[PDB]
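Okay, so we've got a single protein chain in two different forms coming up as structure tokens, structure 1 first and structure 2 after it.
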Structure 1
């Protein structure tokens, strides 16, 4: 760590959490990604109050350049701030399990597992509401010209107030369910990817809009896997033939129309996230 560029160390200073401010419970894994396990922790603010944290210990870092890019990404990630986007609380360098990524604890876990849980009954309105929250988080990310590239219900989280946070980006980027990825060394979430992305491996905000349409379909089916009867390797031709996900039984017509628009073959014809927020707000307001 003494081998790092000192100016980079100074640049990341405001992101760093000292070990005397952090308690991590390393004996119980609360989440698993390909690139690291997550543990519960408590972070002490300057008032002495406790903030519950998810602390992720990154594996497979081998060289200073990777460490340097880790720090660089921590810096930009710290600058993101929106109620529907997962925040970076900080990183802990002087610890066992270093480097540690310190994120807010998400009481209700990932959105996909949440809606699949049979013991609760979110209403159609609640489910549309989760989609609206995701649209607002994406509207923010897109306004900063950030492209997520892996938007899906599995990659959004829910906190104790049922606020949805777009997650799985920056230092929190991972594969959290390897079943849905095919491996440039590119790991591709094929069934969420826009047609042009499948063909060229290029990604844009409009390809995020495509993924958002699939996410809406996930919400309306309460977490069904998309295209269950289509093999991963066959999705591209499926789409080129003029086929799309079918309308879920309890998906209102205007929302299925929104989904269809998100999957338009021409990227420029897809709605913006600002348009999605406005239209989905209207649809949401018609329930109950």
Structure 2
């Protein structure tokens, strides 16, 4: 039976097993609400969970699991995805609470609960209807998380609004570190190589998603035609209501020459200046 699977930790790579050992969560401290699904995927599911802290306090968490495990490579990939967050510590980067390894069944990757889910769905909700200034603020928070990640020589590879989460204080947490063709830098589409400058390209697409309230980019351009479309110099167009200086920032992020793109440090400074000079309505705090 599927619930009797036993994972041989001896079969995982050396660096990986060492990292997992540092973040183990004892099973008696975790309650997974297996009947309260946060999100369902083909390979895994995310459930609400409750962790008991060292003083008996309850901590609301999200717990990811694999649906069916047949091979060690699947397990390795799943654990690598959780452990990647381990050594980062920044208000705009999602943290890892730990990994629970019961004698049988899938390992469980335990993350902080994000009340507002992913950024893309949040901005698409008419009942949220974020102001232009708060959308700029969310872009500033993402840039701050990416400036931190870049400083650690970390390349995300899959930066997009769907991969950023929002907590109960509207703090954006970059997550789901890396086919997302429409977010990829021209050079990545041609060489399959990724760098901090290709993350800058993707960041520009994420900013466009913010300013369009979650519109899909290049909806009419087939995925297999994107490279040529971009080589012809075409780019996503200025969204309605998007301030001119912010669109100039997006255009800079999509320069065909990686070396000409701004760094994330430069993007933080520029966006922060735009945020501070756009005097409009806003309800959230973005200056972590």
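Positions refer to the first chain, counted from 1. Rigid core (definition): largest C-alpha set, two forms, superposition within 1.5 Å. Residues that one form lacks are left out of the comparison.
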item	value
Position that moves between structure 1 and structure 2 after core superposition, taken from 102, 152, 71, 142, with Cα shift of 2 Å or more	71
Shift of residue 243 between structure 1 and structure 2 at or above 2 Å (CA, core fit)	no
Flag for residue 23, CA shift 2 Å or larger between structure 1 and structure 2 after aligning core	no
Core-superposed comparison between structure 1 and structure 2, residue 277 Cα displacement 2 Å or beyond	no
Per-residue CA shift, residue 12 (Å; core superposed between structure 1 and structure 2)	3.6
Value in Å for the CA shift of residue 62 between structure 1 and structure 2, taken after the core is superposed	4.5
Moved runs of 3+ residues, each with a C-alpha displacement of 2 angstroms or more between structure 1 and structure 2 on the rigid core	1-14, 32-35, 58-77, 95-98
